[PDB]
Amino acid sequence: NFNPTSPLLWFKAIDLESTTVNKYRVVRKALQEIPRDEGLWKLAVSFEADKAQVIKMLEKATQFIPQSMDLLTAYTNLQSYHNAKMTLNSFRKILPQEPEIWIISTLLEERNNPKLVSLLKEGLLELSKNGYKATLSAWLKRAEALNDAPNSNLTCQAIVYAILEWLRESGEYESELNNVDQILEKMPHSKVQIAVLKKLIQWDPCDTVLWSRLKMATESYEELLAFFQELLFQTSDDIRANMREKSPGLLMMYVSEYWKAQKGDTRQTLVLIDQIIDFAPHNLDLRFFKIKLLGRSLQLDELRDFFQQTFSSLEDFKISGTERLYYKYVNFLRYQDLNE
């Protein structure tokens, strides 16, 4: 009566009242008296079993507290349509929402789960519309918890990508990247962190990142492999070149992964062959794994044929590191295994 405006009293009253109906009544009274108390609204939302009433309550809450995030999320959860989502967006677009409110929209979008490329577009749109405050890797921190939920990790990835793009547009920082890396390292064996790394890799050559990716995969105890496959297939046109230039252990890593995956020793062989074909000057490292596979399988004539094939290619490689010396030794060994 005397102090209707103070929330604490209402809370106390609620605590006191054990019966659910009574509690509800109290909450209603509080709402009537005080409009802004988020906690009270949340409590109200919680109490009820039926649907329409709950929805109404949510709506009321939304109306009253203009920028309550949890309430908004709850509201979104309720209506269960793309039309509904659109409506929500429309409602929200009129309200000023600079900091990090589109994330909810993104989440809503991929509730369907097939679509996932439009997420990126949405992310891109995000900051160009709003009068944004200069921040880097704030989203990531917030994404984390959000990501940790189901049907959310995928959404997070798009957002991350968008953020990265924005950063790139702005200019290379040096510190921001480091911060991001640190964040990733903290709360390890998580998918959103991995996604960031993946995004980075696509953009630019990062052996450290690749190692990091591997580590992440190990922690998880396949995604990486899938990513690699995608890279190979969607764009050996431009990837072969870069890879060739690198002359790295990426290929070796891939081979190892394949080996780990399969005891059937045919798929891996095929992959190796593809890699060999793919690389224009052909990488030296690949052949050893192929040889090993052949040995495992035990196919003398086939092995011989393979070696012959390798030989022809070999004539261009002059003064190349571990080139002839390794292969010839292997050949000798093979010969010894059958005929001296």
# chains A, B, ... in the order shown; residues from 1 in each chain; ligands from 1
$ residues_around --residues "stretch 164-179 of chain A" --least-positions-apart "3" --cutoff "8 Å" --atoms "only C-alpha atoms" --output "MDAnalysis selection string"
chainID A and resid 124 136:137 160:161 182:183
$ residues_around --residues "residue A:280" --least-positions-apart "5" --cutoff "8 Å" --atoms "only C-alpha atoms" --output "JSON, numbers by chain"
{"A": [240, 241, 244]}
$ residues_around --residues "stretch 312-324 of chain A" --least-positions-apart "5" --cutoff "10 Å" --atoms "only C-alpha atoms" --output "list in words"
residues 281, 282, 283, 284, 285, 307, 329 and 330 of chain A
$ closest_atom_pairs --of "stretch 131-212 of chain A" --to "stretch 114-122 of chain A" --cutoff "9 Å" --atoms "only C-alpha atoms" --output "JSON lines"
{"residue": "A:154", "atom": "CA", "partner": "A:116", "partner_atom": "CA", "distance": 8.0}
{"residue": "A:155", "atom": "CA", "partner": "A:119", "partner_atom": "CA", "distance": 7.3}
{"residue": "A:157", "atom": "CA", "partner": "A:120", "partner_atom": "CA", "distance": 8.7}
{"residue": "A:158", "atom": "CA", "partner": "A:120", "partner_atom": "CA", "distance": 5.0}
{"residue": "A:159", "atom": "CA", "partner": "A:120", "partner_atom": "CA", "distance": 6.7}
{"residue": "A:160", "atom": "CA", "partner": "A:120", "partner_atom": "CA", "distance": 8.9}
{"residue": "A:161", "atom": "CA", "partner": "A:120", "partner_atom": "CA", "distance": 7.0}
{"residue": "A:162", "atom": "CA", "partner": "A:120", "partner_atom": "CA", "distance": 6.0}
$ residues_around --residues "residue A:228" --least-positions-apart "5" --cutoff "12 Å" --atoms "only C-alpha atoms" --output "MDAnalysis selection string"
chainID A and resid 198 201:202 210 213:214 222:223 233:236 239 243 250:251 253:255 257:258 271 275
$ write_last_selection --atoms "N, CA and C atoms" --output "PDB file, in the first residue's frame"
ATOM      1  N   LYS A 198      38.162 -22.481 -38.811  1.00  0.00           N
ATOM      2  CA  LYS A 198      37.838 -22.928 -40.169  1.00  0.00           C
ATOM      3  C   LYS A 198      37.744 -21.724 -41.107  1.00  0.00           C
ATOM      4  N   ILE A 201      41.055 -20.190 -41.818  1.00  0.00           N
ATOM      5  CA  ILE A 201      41.857 -21.028 -42.704  1.00  0.00           C
ATOM      6  C   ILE A 201      41.510 -20.754 -44.155  1.00  0.00           C
ATOM      7  N   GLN A 202      40.206 -20.665 -44.422  1.00  0.00           N
ATOM      8  CA  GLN A 202      39.700 -20.417 -45.770  1.00  0.00           C
ATOM      9  C   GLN A 202      40.268 -19.112 -46.324  1.00  0.00           C
ATOM     10  N   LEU A 210      45.775 -24.748 -38.321  1.00  0.00           N
ATOM     11  CA  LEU A 210      45.585 -26.146 -38.719  1.00  0.00           C
ATOM     12  C   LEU A 210      45.933 -27.071 -37.581  1.00  0.00           C
ATOM     13  N   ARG A 213      43.266 -26.725 -35.079  1.00  0.00           N
ATOM     14  CA  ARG A 213      42.093 -27.463 -35.566  1.00  0.00           C
ATOM     15  C   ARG A 213      42.212 -28.936 -35.205  1.00  0.00           C
ATOM     16  N   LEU A 214      43.395 -29.469 -35.481  1.00  0.00           N
ATOM     17  CA  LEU A 214      43.718 -30.877 -35.215  1.00  0.00           C
ATOM     18  C   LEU A 214      43.524 -31.184 -33.730  1.00  0.00           C
ATOM     19  N   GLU A 222      36.603 -35.462 -37.358  1.00  0.00           N
ATOM     20  CA  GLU A 222      35.714 -35.792 -38.467  1.00  0.00           C
ATOM     21  C   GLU A 222      35.180 -34.552 -39.142  1.00  0.00           C
ATOM     22  N   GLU A 223      34.827 -33.558 -38.325  1.00  0.00           N
ATOM     23  CA  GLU A 223      34.390 -32.243 -38.826  1.00  0.00           C
ATOM     24  C   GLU A 223      35.483 -31.626 -39.684  1.00  0.00           C
ATOM     25  N   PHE A 233      36.800 -30.009 -52.915  1.00  0.00           N
ATOM     26  CA  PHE A 233      35.787 -30.230 -53.979  1.00  0.00           C
ATOM     27  C   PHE A 233      35.125 -28.961 -54.495  1.00  0.00           C
ATOM     28  N   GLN A 234      34.691 -28.056 -53.617  1.00  0.00           N
ATOM     29  CA  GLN A 234      33.842 -26.922 -54.039  1.00  0.00           C
ATOM     30  C   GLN A 234      34.566 -25.860 -54.887  1.00  0.00           C
ATOM     31  N   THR A 235      35.795 -25.512 -54.501  1.00  0.00           N
ATOM     32  CA  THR A 235      36.611 -24.523 -55.223  1.00  0.00           C
ATOM     33  C   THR A 235      38.049 -25.012 -55.360  1.00  0.00           C
ATOM     34  N   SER A 236      39.736 -27.919 -55.998  1.00  0.00           N
ATOM     35  CA  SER A 236      40.968 -28.245 -56.706  1.00  0.00           C
ATOM     36  C   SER A 236      41.225 -27.347 -57.926  1.00  0.00           C
ATOM     37  N   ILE A 239      42.436 -24.165 -55.168  1.00  0.00           N
ATOM     38  CA  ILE A 239      43.010 -24.733 -53.951  1.00  0.00           C
ATOM     39  C   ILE A 239      44.278 -25.499 -54.255  1.00  0.00           C
ATOM     40  N   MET A 243      47.867 -24.824 -52.444  1.00  0.00           N
ATOM     41  CA  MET A 243      48.396 -26.005 -51.749  1.00  0.00           C
ATOM     42  C   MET A 243      49.772 -26.361 -52.300  1.00  0.00           C
ATOM     43  N   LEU A 250      49.840 -30.447 -45.031  1.00  0.00           N
ATOM     44  CA  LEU A 250      48.360 -30.483 -45.042  1.00  0.00           C
ATOM     45  C   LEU A 250      47.890 -31.819 -45.615  1.00  0.00           C
ATOM     46  N   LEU A 251      48.480 -32.144 -46.760  1.00  0.00           N
ATOM     47  CA  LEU A 251      48.165 -33.379 -47.491  1.00  0.00           C
ATOM     48  C   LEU A 251      48.428 -34.589 -46.606  1.00  0.00           C
ATOM     49  N   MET A 253      48.596 -34.696 -43.371  1.00  0.00           N
ATOM     50  CA  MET A 253      47.614 -34.672 -42.278  1.00  0.00           C
ATOM     51  C   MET A 253      46.318 -35.324 -42.720  1.00  0.00           C
ATOM     52  N   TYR A 254      45.885 -34.932 -43.914  1.00  0.00           N
ATOM     53  CA  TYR A 254      44.654 -35.442 -44.534  1.00  0.00           C
ATOM     54  C   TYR A 254      44.726 -36.965 -44.646  1.00  0.00           C
ATOM     55  N   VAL A 255      45.869 -37.412 -45.158  1.00  0.00           N
ATOM     56  CA  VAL A 255      46.132 -38.837 -45.373  1.00  0.00           C
ATOM     57  C   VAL A 255      46.020 -39.595 -44.049  1.00  0.00           C
ATOM     58  N   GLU A 257      44.461 -38.683 -41.357  1.00  0.00           N
ATOM     59  CA  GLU A 257      43.058 -38.635 -40.933  1.00  0.00           C
ATOM     60  C   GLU A 257      42.274 -39.766 -41.594  1.00  0.00           C
ATOM     61  N   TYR A 258      42.498 -39.896 -42.897  1.00  0.00           N
ATOM     62  CA  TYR A 258      41.838 -40.921 -43.709  1.00  0.00           C
ATOM     63  C   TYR A 258      42.149 -42.310 -43.167  1.00  0.00           C
ATOM     64  N   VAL A 271      41.628 -41.467 -52.268  1.00  0.00           N
ATOM     65  CA  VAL A 271      41.855 -40.081 -51.839  1.00  0.00           C
ATOM     66  C   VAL A 271      43.273 -39.650 -52.197  1.00  0.00           C
ATOM     67  N   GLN A 275      44.601 -36.759 -54.737  1.00  0.00           N
ATOM     68  CA  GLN A 275      45.546 -35.739 -54.270  1.00  0.00           C
ATOM     69  C   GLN A 275      46.715 -35.625 -55.238  1.00  0.00           C
TER      70      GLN A 275
END
$ residues_around --residues "residue A:306" --least-positions-apart "3" --cutoff "10 Å" --atoms "only C-alpha atoms" --output "PyMOL selection string"
chain A and resi 287+290-291+294+300-303+309-311
$ select_by_dssp --residues "stretch 23-244 of chain A" --states "helix (DSSP H, G or I)" --output "PyMOL selection string"
chain A and resi 23-33+38-47+52-64+69-79+82-94+102-109+118-129+138-148+153-170+175-185+191-203+207-220+223-234+239-244
$ closest_residue --among "A:26, A:55, A:42, A:135" --to "residue A:70" --atoms "only C-alpha atoms"
A:42
$ closest_residue --among "A:110, A:288, A:132, A:184" --to "residue A:326" --atoms "only C-alpha atoms"
A:288
$ residues_around --residues "residue A:296" --least-positions-apart "6" --cutoff "12 Å" --atoms "only C-alpha atoms" --output "JSON, numbers by chain"
{"A": [259, 263, 264, 265, 266, 269, 289, 290, 303]}
